[PDB]
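Engineer: File name upload-v9.pdb; file contents PDB, C-alpha atoms and all ligand atoms; full text below.
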ATOM      1  CA  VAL A   2     -32.307  47.961 -32.598
ATOM      2  CA  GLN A   3     -33.582  45.783 -29.757
ATOM      3  CA  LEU A   4     -36.225  43.058 -29.499
ATOM      4  CA  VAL A   5     -37.140  42.159 -25.914
ATOM      5  CA  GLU A   6     -39.081  38.911 -25.633
ATOM      6  CA  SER A   7     -41.170  37.716 -22.698
ATOM      7  CA  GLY A   8     -44.208  35.635 -21.808
ATOM      8  CA  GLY A   9     -42.474  32.281 -21.421
ATOM      9  CA  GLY A  10     -42.917  29.798 -18.617
ATOM     10  CA  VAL A  11     -44.545  26.480 -17.794
ATOM     11  CA  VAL A  12     -48.043  25.852 -19.147
ATOM     12  CA  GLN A  13     -50.167  22.758 -18.747
ATOM     13  CA  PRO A  14     -51.207  21.096 -22.026
ATOM     14  CA  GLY A  15     -54.357  22.533 -23.562
ATOM     15  CA  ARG A  16     -54.195  25.995 -21.965
ATOM     16  CA  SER A  17     -53.185  29.298 -23.601
ATOM     17  CA  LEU A  18     -50.336  31.794 -23.424
ATOM     18  CA  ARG A  19     -49.422  35.170 -24.932
ATOM     19  CA  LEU A  20     -45.859  35.967 -25.979
ATOM     20  CA  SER A  21     -44.548  39.518 -26.275
ATOM     21  CA  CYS A  22     -41.691  41.082 -28.232
ATOM     22  CA  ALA A  23     -41.009  44.758 -27.518
ATOM     23  CA  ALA A  24     -39.435  46.614 -30.438
ATOM     24  CA  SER A  25     -36.985  49.501 -30.222
ATOM     25  CA  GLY A  26     -34.187  51.067 -32.225
ATOM     26  CA  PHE A  27     -36.088  51.254 -35.511
ATOM     27  CA  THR A  28     -39.378  52.248 -37.093
ATOM     28  CA  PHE A  29     -41.444  49.210 -36.168
ATOM     29  CA  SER A  30     -44.667  50.144 -37.934
ATOM     30  CA  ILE A  31     -43.204  49.701 -41.424
ATOM     31  CA  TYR A  32     -41.810  46.159 -41.182
ATOM     32  CA  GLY A  33     -43.222  42.670 -41.157
ATOM     33  CA  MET A  34     -42.580  40.602 -38.057
ATOM     34  CA  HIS A  35     -41.894  36.888 -37.813
ATOM     35  CA  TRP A  36     -42.059  34.253 -35.127
ATOM     36  CA  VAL A  37     -39.514  31.448 -35.318
ATOM     37  CA  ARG A  38     -39.395  28.567 -32.871
ATOM     38  CA  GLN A  39     -36.703  26.041 -32.031
ATOM     39  CA  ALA A  40     -37.690  22.833 -30.287
ATOM     40  CA  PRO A  41     -35.138  21.788 -27.638
ATOM     41  CA  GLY A  42     -32.127  20.389 -29.458
ATOM     42  CA  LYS A  43     -33.995  20.593 -32.768
ATOM     43  CA  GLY A  44     -33.921  22.755 -35.883
ATOM     44  CA  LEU A  45     -35.536  26.080 -36.656
ATOM     45  CA  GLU A  46     -39.207  26.104 -37.625
ATOM     46  CA  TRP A  47     -40.929  29.183 -39.004
ATOM     47  CA  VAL A  48     -44.041  29.970 -36.990
ATOM     48  CA  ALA A  49     -46.014  33.020 -38.065
ATOM     49  CA  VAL A  50     -45.660  36.296 -39.933
ATOM     50  CA  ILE A  51     -47.676  39.507 -39.776
ATOM     51  CA  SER A  52     -47.737  42.379 -42.227
ATOM     52  CA  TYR A  53     -46.593  45.813 -41.102
ATOM     53  CA  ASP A  54     -50.186  46.979 -40.608
ATOM     54  CA  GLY A  55     -51.479  43.729 -39.121
ATOM     55  CA  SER A  56     -54.043  43.235 -41.893
ATOM     56  CA  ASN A  57     -52.181  40.214 -43.285
ATOM     57  CA  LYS A  58     -51.320  37.260 -41.052
ATOM     58  CA  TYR A  59     -49.963  33.891 -42.186
ATOM     59  CA  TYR A  60     -49.207  30.868 -40.032
ATOM     60  CA  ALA A  61     -47.225  27.672 -40.411
ATOM     61  CA  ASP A  62     -48.901  24.324 -41.012
ATOM     62  CA  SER A  63     -48.545  23.008 -37.450
ATOM     63  CA  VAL A  64     -50.201  25.992 -35.763
ATOM     64  CA  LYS A  65     -53.125  26.977 -37.991
ATOM     65  CA  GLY A  66     -56.196  27.731 -35.916
ATOM     66  CA  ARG A  67     -54.426  27.594 -32.565
ATOM     67  CA  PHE A  68     -51.901  30.430 -32.858
ATOM     68  CA  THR A  69     -52.872  34.078 -33.304
ATOM     69  CA  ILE A  70     -50.305  36.791 -34.023
ATOM     70  CA  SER A  71     -51.116  40.412 -33.232
ATOM     71  CA  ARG A  72     -49.491  43.823 -33.337
ATOM     72  CA  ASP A  73     -49.447  47.120 -31.435
ATOM     73  CA  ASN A  74     -47.720  49.809 -33.483
ATOM     74  CA  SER A  75     -48.377  52.353 -30.723
ATOM     75  CA  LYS A  76     -46.317  50.483 -28.129
ATOM     76  CA  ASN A  77     -44.098  48.957 -30.851
ATOM     77  CA  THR A  78     -44.816  45.534 -29.408
ATOM     78  CA  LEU A  79     -45.387  42.182 -31.101
ATOM     79  CA  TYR A  80     -47.640  39.521 -29.602
ATOM     80  CA  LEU A  81     -48.216  35.838 -30.319
ATOM     81  CA  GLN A  82     -51.384  34.340 -28.853
ATOM     82  CA  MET A  83     -50.900  30.571 -28.568
ATOM     83  CA  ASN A  84     -53.888  28.336 -27.793
ATOM     84  CA  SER A  85     -54.604  24.612 -27.405
ATOM     85  CA  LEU A  86     -51.005  23.951 -26.426
ATOM     86  CA  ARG A  87     -49.536  20.470 -26.750
ATOM     87  CA  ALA A  88     -46.312  18.625 -26.003
ATOM     88  CA  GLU A  89     -44.772  19.300 -29.416
ATOM     89  CA  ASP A  90     -45.119  23.081 -29.026
ATOM     90  CA  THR A  91     -42.287  23.177 -26.485
ATOM     91  CA  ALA A  92     -39.656  25.365 -28.140
ATOM     92  CA  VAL A  93     -37.550  28.487 -27.721
ATOM     93  CA  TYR A  94     -39.555  31.088 -29.617
ATOM     94  CA  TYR A  95     -37.898  33.980 -31.462
ATOM     95  CA  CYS A  96     -39.441  37.163 -32.767
ATOM     96  CA  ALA A  97     -37.798  38.397 -35.937
ATOM     97  CA  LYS A  98     -37.826  41.352 -38.312
ATOM     98  CA  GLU A  99     -37.929  41.336 -42.120
ATOM     99  CA  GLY A 100     -34.961  43.542 -43.061
ATOM    100  CA  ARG A 101     -33.005  43.795 -46.357
ATOM    101  CA  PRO A 102     -29.233  44.607 -46.292
ATOM    102  CA  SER A 103     -28.663  46.760 -49.425
ATOM    103  CA  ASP A 104     -30.315  47.571 -52.799
ATOM    104  CA  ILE A 105     -31.112  43.987 -53.793
ATOM    105  CA  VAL A 106     -34.457  44.741 -52.000
ATOM    106  CA  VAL A 107     -36.033  42.149 -54.351
ATOM    107  CA  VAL A 108     -34.701  39.612 -51.846
ATOM    108  CA  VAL A 109     -36.982  40.503 -49.064
ATOM    109  CA  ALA A 110     -34.895  38.995 -46.354
ATOM    110  CA  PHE A 111     -34.441  38.039 -42.714
ATOM    111  CA  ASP A 112     -32.372  39.855 -40.075
ATOM    112  CA  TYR A 113     -31.752  40.681 -36.396
ATOM    113  CA  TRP A 114     -33.328  38.304 -33.870
ATOM    114  CA  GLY A 115     -34.678  38.682 -30.383
ATOM    115  CA  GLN A 116     -32.993  36.741 -27.611
ATOM    116  CA  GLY A 117     -35.666  34.041 -27.648
ATOM    117  CA  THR A 118     -37.912  32.795 -24.858
ATOM    118  CA  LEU A 119     -38.557  29.237 -23.701
ATOM    119  CA  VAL A 120     -42.081  27.797 -23.649
ATOM    120  CA  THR A 121     -42.627  24.465 -21.883
ATOM    121  CA  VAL A 122     -45.947  22.675 -22.369
ATOM    122  CA  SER A 123     -46.065  20.186 -19.501
ATOM    123  CA  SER A 124     -48.394  18.946 -16.772
ATOM    124  CA  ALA A 125     -45.450  18.510 -14.385
ATOM    125  CA  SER A 126     -45.430  20.419 -11.109
TER     126      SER A 126
ATOM    127  CA  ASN B 165      -9.108  33.416 -85.875
ATOM    128  CA  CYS B 166     -12.324  32.515 -87.697
ATOM    129  CA  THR B 167     -15.825  33.987 -87.674
ATOM    130  CA  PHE B 168     -19.288  33.721 -89.174
ATOM    131  CA  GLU B 169     -20.229  32.523 -92.640
ATOM    132  CA  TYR B 170     -23.054  32.728 -95.178
ATOM    133  CA  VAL B 171     -24.201  30.214 -97.792
ATOM    134  CA  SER B 172     -26.771  30.774-100.503
ATOM    135  CA  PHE B 186     -18.899  36.901-125.431
ATOM    136  CA  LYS B 187     -22.698  36.892-125.372
ATOM    137  CA  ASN B 188     -23.626  38.171-121.895
ATOM    138  CA  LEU B 189     -22.231  41.005-119.778
ATOM    139  CA  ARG B 190     -22.343  40.960-115.981
ATOM    140  CA  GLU B 191     -21.859  44.250-114.133
ATOM    141  CA  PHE B 192     -21.281  44.352-110.381
ATOM    142  CA  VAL B 193     -20.695  47.351-108.127
ATOM    143  CA  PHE B 194     -19.104  46.327-104.838
TER     144      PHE B 194
ATOM    145  CA  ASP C   1     -44.922  24.408 -49.618
ATOM    146  CA  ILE C   2     -41.360  24.859 -50.840
ATOM    147  CA  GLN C   3     -39.063  22.223 -49.343
ATOM    148  CA  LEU C   4     -35.373  22.961 -48.829
ATOM    149  CA  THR C   5     -33.030  20.032 -48.197
ATOM    150  CA  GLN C   6     -29.462  20.538 -46.995
ATOM    151  CA  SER C   7     -26.629  18.115 -47.638
ATOM    152  CA  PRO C   8     -24.668  16.890 -45.882
ATOM    153  CA  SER C   9     -26.574  16.952 -42.606
ATOM    154  CA  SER C  10     -23.189  17.096 -40.849
ATOM    155  CA  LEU C  11     -19.496  17.127 -41.684
ATOM    156  CA  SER C  12     -16.166  17.109 -39.861
ATOM    157  CA  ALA C  13     -13.294  19.314 -40.995
ATOM    158  CA  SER C  14     -10.248  21.107 -39.626
ATOM    159  CA  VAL C  15      -9.251  24.766 -39.502
ATOM    160  CA  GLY C  16      -8.202  26.166 -42.869
ATOM    161  CA  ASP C  17     -10.194  23.654 -44.912
ATOM    162  CA  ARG C  18     -12.555  24.621 -47.720
ATOM    163  CA  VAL C  19     -16.123  23.540 -46.940
ATOM    164  CA  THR C  20     -19.196  23.346 -49.161
ATOM    165  CA  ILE C  21     -22.799  23.160 -47.946
ATOM    166  CA  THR C  22     -25.605  22.649 -50.447
ATOM    167  CA  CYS C  23     -29.297  23.488 -50.196
ATOM    168  CA  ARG C  24     -31.693  22.250 -52.873
ATOM    169  CA  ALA C  25     -35.263  23.467 -53.244
ATOM    170  CA  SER C  26     -38.262  21.439 -54.350
ATOM    171  CA  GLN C  27     -39.058  24.245 -56.794
ATOM    172  CA  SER C  28     -37.097  27.087 -58.353
ATOM    173  CA  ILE C  29     -37.211  30.208 -56.185
ATOM    174  CA  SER C  30     -34.476  31.668 -58.344
ATOM    175  CA  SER C  31     -32.659  33.950 -55.926
ATOM    176  CA  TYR C  32     -34.315  33.715 -52.540
ATOM    177  CA  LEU C  33     -32.179  31.758 -50.091
ATOM    178  CA  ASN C  34     -30.824  33.197 -46.883
ATOM    179  CA  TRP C  35     -27.919  31.637 -45.000
ATOM    180  CA  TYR C  36     -27.570  31.917 -41.238
ATOM    181  CA  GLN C  37     -25.009  30.823 -38.688
ATOM    182  CA  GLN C  38     -26.373  29.518 -35.403
ATOM    183  CA  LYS C  39     -24.449  28.705 -32.293
ATOM    184  CA  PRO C  40     -25.855  26.550 -29.472
ATOM    185  CA  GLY C  41     -27.840  28.599 -26.986
ATOM    186  CA  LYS C  42     -27.958  31.804 -29.048
ATOM    187  CA  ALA C  43     -30.049  33.169 -31.905
ATOM    188  CA  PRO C  44     -28.889  32.722 -35.516
ATOM    189  CA  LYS C  45     -26.807  35.278 -37.392
ATOM    190  CA  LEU C  46     -27.477  36.113 -41.030
ATOM    191  CA  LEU C  47     -24.602  35.410 -43.423
ATOM    192  CA  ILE C  48     -25.701  35.435 -47.071
ATOM    193  CA  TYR C  49     -28.884  36.878 -48.569
ATOM    194  CA  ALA C  50     -30.186  36.547 -52.128
ATOM    195  CA  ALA C  51     -27.985  33.460 -51.921
ATOM    196  CA  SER C  52     -25.019  35.483 -53.162
ATOM    197  CA  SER C  53     -24.749  38.753 -51.194
ATOM    198  CA  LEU C  54     -22.562  38.972 -48.109
ATOM    199  CA  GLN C  55     -24.174  40.633 -45.097
ATOM    200  CA  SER C  56     -22.300  43.451 -43.378
ATOM    201  CA  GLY C  57     -19.912  42.394 -40.623
ATOM    202  CA  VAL C  58     -19.645  38.769 -41.802
ATOM    203  CA  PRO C  59     -16.110  37.799 -42.920
ATOM    204  CA  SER C  60     -15.361  37.720 -46.636
ATOM    205  CA  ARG C  61     -14.526  34.005 -46.469
ATOM    206  CA  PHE C  62     -18.255  33.219 -46.332
ATOM    207  CA  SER C  63     -19.703  32.930 -49.823
ATOM    208  CA  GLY C  64     -22.974  31.779 -51.315
ATOM    209  CA  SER C  65     -23.843  31.159 -54.942
ATOM    210  CA  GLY C  66     -26.459  29.710 -57.264
ATOM    211  CA  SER C  67     -30.002  30.442 -58.383
ATOM    212  CA  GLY C  68     -33.073  28.394 -59.165
ATOM    213  CA  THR C  69     -32.836  25.092 -57.279
ATOM    214  CA  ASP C  70     -29.123  24.369 -56.689
ATOM    215  CA  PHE C  71     -27.358  26.546 -54.133
ATOM    216  CA  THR C  72     -24.090  26.447 -52.232
ATOM    217  CA  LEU C  73     -22.695  28.003 -49.076
ATOM    218  CA  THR C  74     -18.893  28.078 -49.039
ATOM    219  CA  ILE C  75     -16.330  29.015 -46.398
ATOM    220  CA  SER C  76     -12.915  29.287 -48.027
ATOM    221  CA  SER C  77     -10.724  28.662 -44.952
ATOM    222  CA  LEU C  78     -12.173  27.446 -41.661
ATOM    223  CA  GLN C  79     -11.389  29.079 -38.312
ATOM    224  CA  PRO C  80     -12.327  27.702 -34.867
ATOM    225  CA  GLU C  81     -15.320  30.021 -34.426
ATOM    226  CA  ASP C  82     -16.922  28.933 -37.718
ATOM    227  CA  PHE C  83     -17.781  25.429 -36.499
ATOM    228  CA  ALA C  84     -21.564  25.655 -36.221
ATOM    229  CA  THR C  85     -25.022  24.797 -37.566
ATOM    230  CA  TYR C  86     -26.050  26.523 -40.792
ATOM    231  CA  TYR C  87     -29.605  26.769 -42.145
ATOM    232  CA  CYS C  88     -30.879  27.697 -45.566
ATOM    233  CA  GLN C  89     -34.177  29.565 -45.748
ATOM    234  CA  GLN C  90     -36.380  30.516 -48.689
ATOM    235  CA  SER C  91     -38.339  33.738 -49.044
ATOM    236  CA  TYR C  92     -39.895  33.178 -52.474
ATOM    237  CA  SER C  93     -43.417  32.583 -51.181
ATOM    238  CA  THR C  94     -45.308  31.793 -48.028
ATOM    239  CA  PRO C  95     -45.141  29.847 -45.813
ATOM    240  CA  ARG C  96     -41.470  30.611 -45.266
ATOM    241  CA  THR C  97     -39.450  27.492 -44.469
ATOM    242  CA  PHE C  98     -35.973  26.417 -43.387
ATOM    243  CA  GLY C  99     -33.582  23.676 -44.316
ATOM    244  CA  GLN C 100     -33.085  20.868 -41.844
ATOM    245  CA  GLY C 101     -29.680  22.194 -40.783
ATOM    246  CA  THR C 102     -26.011  21.491 -41.463
ATOM    247  CA  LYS C 103     -23.635  21.027 -38.534
ATOM    248  CA  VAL C 104     -19.927  21.753 -39.016
ATOM    249  CA  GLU C 105     -17.701  20.103 -36.412
ATOM    250  CA  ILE C 106     -13.973  19.732 -35.829
ATOM    251  CA  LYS C 107     -12.265  16.714 -37.388
TER     252      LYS C 107
ATOM    253  CA  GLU D 340     -31.560  22.572 -81.109
ATOM    254  CA  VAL D 341     -28.615  23.429 -78.847
ATOM    255  CA  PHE D 342     -30.481  22.482 -75.668
ATOM    256  CA  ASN D 343     -32.185  19.443 -77.182
ATOM    257  CA  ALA D 344     -29.067  17.956 -78.811
ATOM    258  CA  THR D 345     -28.954  14.240 -78.060
ATOM    259  CA  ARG D 346     -25.310  14.153 -76.931
ATOM    260  CA  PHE D 347     -23.268  16.925 -75.445
ATOM    261  CA  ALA D 348     -19.501  16.742 -75.503
ATOM    262  CA  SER D 349     -17.318  16.227 -72.463
ATOM    263  CA  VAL D 350     -16.539  19.195 -70.246
ATOM    264  CA  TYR D 351     -12.904  19.342 -71.341
ATOM    265  CA  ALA D 352     -13.973  19.539 -74.994
ATOM    266  CA  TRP D 353     -16.601  22.269 -74.710
ATOM    267  CA  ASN D 354     -18.230  22.660 -78.104
ATOM    268  CA  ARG D 355     -18.533  26.278 -79.209
ATOM    269  CA  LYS D 356     -21.534  26.920 -81.445
ATOM    270  CA  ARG D 357     -21.816  30.291 -83.174
ATOM    271  CA  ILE D 358     -25.265  31.854 -83.595
ATOM    272  CA  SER D 359     -26.042  34.608 -86.091
ATOM    273  CA  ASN D 360     -28.567  35.703 -88.697
ATOM    274  CA  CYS D 361     -31.639  34.520 -86.823
ATOM    275  CA  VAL D 362     -34.287  35.940 -84.529
ATOM    276  CA  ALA D 363     -33.911  34.636 -80.974
ATOM    277  CA  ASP D 364     -36.904  33.934 -78.727
ATOM    278  CA  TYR D 365     -35.246  34.327 -75.346
ATOM    279  CA  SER D 366     -38.694  34.596 -73.770
ATOM    280  CA  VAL D 367     -39.639  31.045 -74.779
ATOM    281  CA  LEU D 368     -36.469  29.914 -73.043
ATOM    282  CA  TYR D 369     -37.368  32.135 -70.098
ATOM    283  CA  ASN D 370     -40.908  30.779 -69.802
ATOM    284  CA  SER D 371     -39.725  27.174 -70.051
ATOM    285  CA  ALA D 372     -38.987  25.998 -66.512
ATOM    286  CA  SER D 373     -37.502  22.512 -66.949
ATOM    287  CA  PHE D 374     -34.071  24.129 -66.693
ATOM    288  CA  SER D 375     -33.021  23.774 -63.066
ATOM    289  CA  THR D 376     -30.811  26.877 -62.972
ATOM    290  CA  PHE D 377     -31.470  29.798 -65.292
ATOM    291  CA  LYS D 378     -28.794  32.004 -63.750
ATOM    292  CA  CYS D 379     -28.014  35.301 -65.483
ATOM    293  CA  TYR D 380     -25.206  37.777 -64.803
ATOM    294  CA  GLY D 381     -24.683  39.807 -67.965
ATOM    295  CA  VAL D 382     -28.252  40.842 -68.817
ATOM    296  CA  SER D 383     -31.574  40.465 -67.048
ATOM    297  CA  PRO D 384     -33.491  37.702 -68.855
ATOM    298  CA  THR D 385     -36.500  39.957 -69.419
ATOM    299  CA  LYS D 386     -34.399  42.415 -71.423
ATOM    300  CA  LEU D 387     -32.798  39.561 -73.365
ATOM    301  CA  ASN D 388     -35.631  39.359 -75.882
TER     302      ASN D 388
HETATM  303  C1  LIG E   1      -5.407  34.799 -83.878
HETATM  304  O1  LIG E   1      -5.635  36.144 -83.404
HETATM  305  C2  LIG E   1      -4.804  36.520 -82.291
HETATM  306  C3  LIG E   1      -5.198  37.927 -81.906
HETATM  307  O2  LIG E   1      -4.601  38.319 -80.676
HETATM  308  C4  LIG E   1      -3.324  36.398 -82.659
HETATM  309  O3  LIG E   1      -2.530  36.667 -81.510
HETATM  310  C5  LIG E   1      -3.019  35.003 -83.187
HETATM  311  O4  LIG E   1      -1.672  34.936 -83.641
HETATM  312  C6  LIG E   1      -3.960  34.659 -84.334
HETATM  313  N1  LIG E   1      -3.690  33.324 -84.837
HETATM  314  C7  LIG E   1      -2.911  33.095 -85.900
HETATM  315  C8  LIG E   1      -2.736  31.658 -86.289
HETATM  316  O5  LIG E   1      -2.372  34.008 -86.520
END
Transcribe the structure of this file into structure tokens.

Structural biologist:
Amino acid sequence: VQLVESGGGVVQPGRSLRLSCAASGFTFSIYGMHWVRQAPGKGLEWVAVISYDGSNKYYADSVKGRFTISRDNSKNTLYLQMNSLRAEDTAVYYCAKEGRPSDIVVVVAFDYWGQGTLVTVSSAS
Amino acid sequence: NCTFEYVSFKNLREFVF
Amino acid sequence: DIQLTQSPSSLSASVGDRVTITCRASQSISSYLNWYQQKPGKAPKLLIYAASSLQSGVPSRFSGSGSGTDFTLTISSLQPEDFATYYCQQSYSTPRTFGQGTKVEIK
Amino acid sequence: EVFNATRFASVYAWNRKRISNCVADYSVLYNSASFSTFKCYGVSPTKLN
């Protein structure tokens, strides 16, 4: 099971960016997918979640309206469309998979993480 | 070593226990 | 939103000690914490799910317990590699949230 | 009555109260949510009633 993240880099405030997480090693199309971000030196902050089929999408408080999560079950790739970027959005963003370890499936849990990608919202050159 | 509890010639009384 | 607060925010201890980290929820979620171990510069690793089940490959010294609102993560005997930041995380309802983090350092 | 007793005893002297010959509404306990932890190991609280 592998989650390859990409799409990071330097973005000026107010522009947009798309993050990608390529899924392999498991049946992607049956699992929910999460985005989790970590501001530099800060704690974890849940970002967005998408249902297996992409019909259901929920977002955290700080990103409603600006962030759009999407899904491609054919390429087994997860995308996070971020818009109206601002200074506070600078964070190392993780894609993550639902997962449940045993039979306590009434736990629906959290599991294996991608390596994480850094997004810097800055006007610096 | 103790358990639950319950509370609640002219004549002949007959009891079958 | 369901708020999860960890205490203490940090603690110093030595190898072999017994440590206790508590996460308390604003509302009863009744079995839905998940405990992770995070090291600086790398993604977190899941430790305990349903607040009491040990995830495969994690040493048996890690233990979680509780239900409802009061929960505990316990490591029976510390080793050098266990000094790290630990987050609780609820899954009862959306939006999913995390605790603020508990850092374990060397005394 | 057990939960709403004005004073509970100290932890060392744990009072043991025996219950019998009554119908028990576990569900009313289950629905009540003031109790911070309603942990169950032996039997699932739904089946308790
Ligand atoms: C109470 O019952 C137990 C049963 O194992 C017995 O060992 C004990 O002696 C009893 N107490 C008295 C005072 O006989």

Engineer: Please measure the separation of CA of residue 28 (chain C) and CA of residue 100 (chain C), giving the value in Å to one decimal.

Structural biologist: 18.1 Å

Engineer: How many Å lie between CA of residue 5 (chain C) and CA of residue 370 (chain D), rounded to one decimal?

Structural biologist: 25.4 Å

Engineer: Just the number, please: distance in Å from CA of residue 358 (chain D) to CA of residue 170 (chain B), one decimal.

Structural biologist: 11.8 Å

Engineer: Please check which protein, DNA or RNA residues sit within 12 Å of ligand LIG 1 (chain E), counting only C-alpha atoms and all ligand atoms, and write them as a ChimeraX atom specification.

Structural biologist: /B:165-167

Engineer: Evaluate the PyMOL selection byres (((chain C and resi 51-66) around 9) and not hetatm) on the structure here and hand back the selected residues as a list in words.

Structural biologist: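 Matching residues under the PyMOL selection byres (((chain C and resi 51-66) around 9) and not hetatm) are residues 102, 103 and 105 of chain A; 30, 31, 32, 33, 34, 35, 46, 47, 48, 49, 50, 67, 68, 69, 70, 71, 72, 73, 74, 75, 76, 77 and 78 of chain C; 376 and 378 of chain D.
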
Engineer: Could those residues be written to a file, using C-alpha atoms, as a short mmCIF file (atom, residue, chain, number, x, y, z; two decimals), in the frame of the given file?

Structural biologist:
data_model
loop_
_atom_site.label_atom_id
_atom_site.label_comp_id
_atom_site.auth_asym_id
_atom_site.auth_seq_id
_atom_site.Cartn_x
_atom_site.Cartn_y
_atom_site.Cartn_z
CA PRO A 102 -29.23 44.61 -46.29
CA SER A 103 -28.66 46.76 -49.42
CA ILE A 105 -31.11 43.99 -53.79
CA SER C 30 -34.48 31.67 -58.34
CA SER C 31 -32.66 33.95 -55.93
CA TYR C 32 -34.32 33.72 -52.54
CA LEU C 33 -32.18 31.76 -50.09
CA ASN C 34 -30.82 33.20 -46.88
CA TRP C 35 -27.92 31.64 -45.00
CA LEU C 46 -27.48 36.11 -41.03
CA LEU C 47 -24.60 35.41 -43.42
CA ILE C 48 -25.70 35.44 -47.07
CA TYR C 49 -28.88 36.88 -48.57
CA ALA C 50 -30.19 36.55 -52.13
CA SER C 67 -30.00 30.44 -58.38
CA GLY C 68 -33.07 28.39 -59.16
CA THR C 69 -32.84 25.09 -57.28
CA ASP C 70 -29.12 24.37 -56.69
CA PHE C 71 -27.36 26.55 -54.13
CA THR C 72 -24.09 26.45 -52.23
CA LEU C 73 -22.70 28.00 -49.08
CA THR C 74 -18.89 28.08 -49.04
CA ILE C 75 -16.33 29.02 -46.40
CA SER C 76 -12.92 29.29 -48.03
CA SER C 77 -10.72 28.66 -44.95
CA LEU C 78 -12.17 27.45 -41.66
CA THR D 376 -30.81 26.88 -62.97
CA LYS D 378 -28.79 32.00 -63.75
#

Engineer: Give me, as a ChimeraX atom specification, the contact residues of chain A against chain C at a cut-off of 9 Å, counting all atoms listed in the file.

Structural biologist: /A:42,44-50,59-62,95,101-103,105,107-117

Engineer: Show which residues sit within 7 Å of residue 20 (chain A), as a list in words. Count only C-alpha atoms, and ignore same-chain residues fewer than 5 positions away.

Structural biologist: residues 7, 8, 9, 80, 81 and 82 of chain A

Engineer: Written as an NGL selection string, which residues does the PyMOL selection byres (((chain C and resi 14) around 9) and not hetatm) give for the file shown?

Structural biologist: :C and (12-13 or 15-17 or 78-80 or 105-107)

Engineer: To test your reading of the syntax: which residues would the PyMOL selection byres (((chain A and resi 120) around 9) and not hetatm) return for the file shown? Reply as a PyMOL selection string.

Structural biologist: chain A and resi 8-12+90-94+118-119+121-122

Engineer: May I ask which of the residues D:359, D:375, D:383, D:366 is the closest one to chain B, counting all atoms listed in the file?

Structural biologist: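 Distance minimum relative to chain B lands on D:359.
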
Engineer: Axis-aligned box over every listed atom of region 166-188 of chain B, padded by 5 Å per side: centre and edges in Å to one decimal, as AutoDock Vina command-line options?

Structural biologist:
--center_x -19.5 --center_y 34.2 --center_z -106.6 --size_x 24.4 --size_y 18.0 --size_z 47.8

Engineer: Regenerate region 46-55 of chain A at the level of N, CA, C and O atoms and dump it as an mmCIF file, in the frame of the given file.

Structural biologist:
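And here's selection-v1.cif as it stands now:
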data_model
loop_
_atom_site.group_PDB
_atom_site.id
_atom_site.type_symbol
_atom_site.label_atom_id
_atom_site.label_comp_id
_atom_site.auth_asym_id
_atom_site.auth_seq_id
_atom_site.Cartn_x
_atom_site.Cartn_y
_atom_site.Cartn_z
ATOM 1 N N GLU A 46 -37.917 26.316 -36.989
ATOM 2 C CA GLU A 46 -39.207 26.104 -37.625
ATOM 3 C C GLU A 46 -39.943 27.430 -37.657
ATOM 4 O O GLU A 46 -40.253 27.995 -36.603
ATOM 5 N N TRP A 47 -40.215 27.925 -38.859
ATOM 6 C CA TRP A 47 -40.929 29.183 -39.004
ATOM 7 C C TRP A 47 -42.337 29.048 -38.441
ATOM 8 O O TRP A 47 -42.999 28.025 -38.630
ATOM 9 N N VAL A 48 -42.807 30.092 -37.758
ATOM 10 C CA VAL A 48 -44.041 29.970 -36.990
ATOM 11 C C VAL A 48 -45.153 30.815 -37.591
ATOM 12 O O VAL A 48 -46.177 30.289 -38.038
ATOM 13 N N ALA A 49 -44.961 32.129 -37.605
ATOM 14 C CA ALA A 49 -46.014 33.020 -38.065
ATOM 15 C C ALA A 49 -45.404 34.346 -38.486
ATOM 16 O O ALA A 49 -44.357 34.761 -37.985
ATOM 17 N N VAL A 50 -46.096 35.014 -39.403
ATOM 18 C CA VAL A 50 -45.660 36.296 -39.933
ATOM 19 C C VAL A 50 -46.871 37.214 -39.985
ATOM 20 O O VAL A 50 -47.999 36.776 -40.227
ATOM 21 N N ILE A 51 -46.633 38.495 -39.738
ATOM 22 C CA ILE A 51 -47.676 39.507 -39.776
ATOM 23 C C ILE A 51 -47.187 40.658 -40.637
ATOM 24 O O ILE A 51 -46.008 41.023 -40.591
ATOM 25 N N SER A 52 -48.086 41.213 -41.440
ATOM 26 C CA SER A 52 -47.737 42.379 -42.227
ATOM 27 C C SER A 52 -47.484 43.571 -41.309
ATOM 28 O O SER A 52 -47.781 43.541 -40.111
ATOM 29 N N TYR A 53 -46.905 44.625 -41.885
ATOM 30 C CA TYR A 53 -46.593 45.813 -41.102
ATOM 31 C C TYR A 53 -47.835 46.374 -40.422
ATOM 32 O O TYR A 53 -47.782 46.791 -39.260
ATOM 33 N N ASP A 54 -48.964 46.383 -41.124
ATOM 34 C CA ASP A 54 -50.186 46.979 -40.608
ATOM 35 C C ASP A 54 -51.087 45.979 -39.900
ATOM 36 O O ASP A 54 -52.165 46.360 -39.438
ATOM 37 N N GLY A 55 -50.688 44.718 -39.818
ATOM 38 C CA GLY A 55 -51.479 43.729 -39.121
ATOM 39 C C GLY A 55 -52.693 43.232 -39.868
ATOM 40 O O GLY A 55 -53.436 42.406 -39.327
#
